[PDB]
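In structure tokens, the next block holds one chain alone, the form deposited in one PDB entry.
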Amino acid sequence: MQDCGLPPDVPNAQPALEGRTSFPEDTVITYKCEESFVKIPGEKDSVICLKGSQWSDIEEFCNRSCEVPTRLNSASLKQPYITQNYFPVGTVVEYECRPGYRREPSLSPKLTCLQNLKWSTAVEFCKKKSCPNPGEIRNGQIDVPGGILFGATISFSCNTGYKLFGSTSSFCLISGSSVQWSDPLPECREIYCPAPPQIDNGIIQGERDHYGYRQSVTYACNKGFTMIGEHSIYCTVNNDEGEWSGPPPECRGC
């Protein structure tokens, strides 16, 4: 009769029959691979009801493959693997470094699909690029806690008696073709104490324009006056603010 019966049973595939058990001549039935199965590129996936109530032949067209290679931050799949989804056991794909990573020549940038349907062990075939030498800050310091490679952070500080002007930290970030420091080297600026206080009936011996950390100012009483106190005071510096060590002496008469 001008109708075929049920289509052939294909291992690991299920046909779309759409609610019927009898099919008219020239009816085309497509199969869909089952769970944990991928169709093999370049193979038929359907059958056709021919004359004599006979279905056309169809061979197993499903496998049996790894999952899409897991997403790496250091490397991206090369073409044509990056667009593929069929990876039977034995399949080897190649990677290429992302930015800002570079190849570690001693290591292979390839992954193989193993018999257990898993990709081989991952190695660091693509390593983190290095930022330039951070250099130095005059009268300050740079803190490099964990190297200067891509993704690293470094902090800046100013020695006692100096004030930091600029950025307090920097990060090695990707910059176009390479990796560069997010911020430039800041500045350590000398902290100045307020102008030293003047005293009644006394003077400052050779007063200077500016006074920095630990610099001193010496006092002297005028003729006929007696000194009572410290002959000199010095500049103390804390939390970036200058302050004299203590009060100036007194010149009492007479």
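By rigid core we mean the largest C-alpha set that fits within 1.5 Å across both forms. One rule holds for the numbers: they count along the sequence shown, beginning at 1.
The form deposited in another entry exists for this protein as well; it is not shown, and the discussion that follows is about that form.
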query	finding
Per-residue C-alpha change between the shown form and the other one, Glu43, threshold 2 Å, rigid core fit	no
C-alpha of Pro186 off by 2 Å or more between the shown form and the other one on rigid core	no
Core-aligned C-alpha movement of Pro196 between the shown form and the other one reaching 2 Å	yes
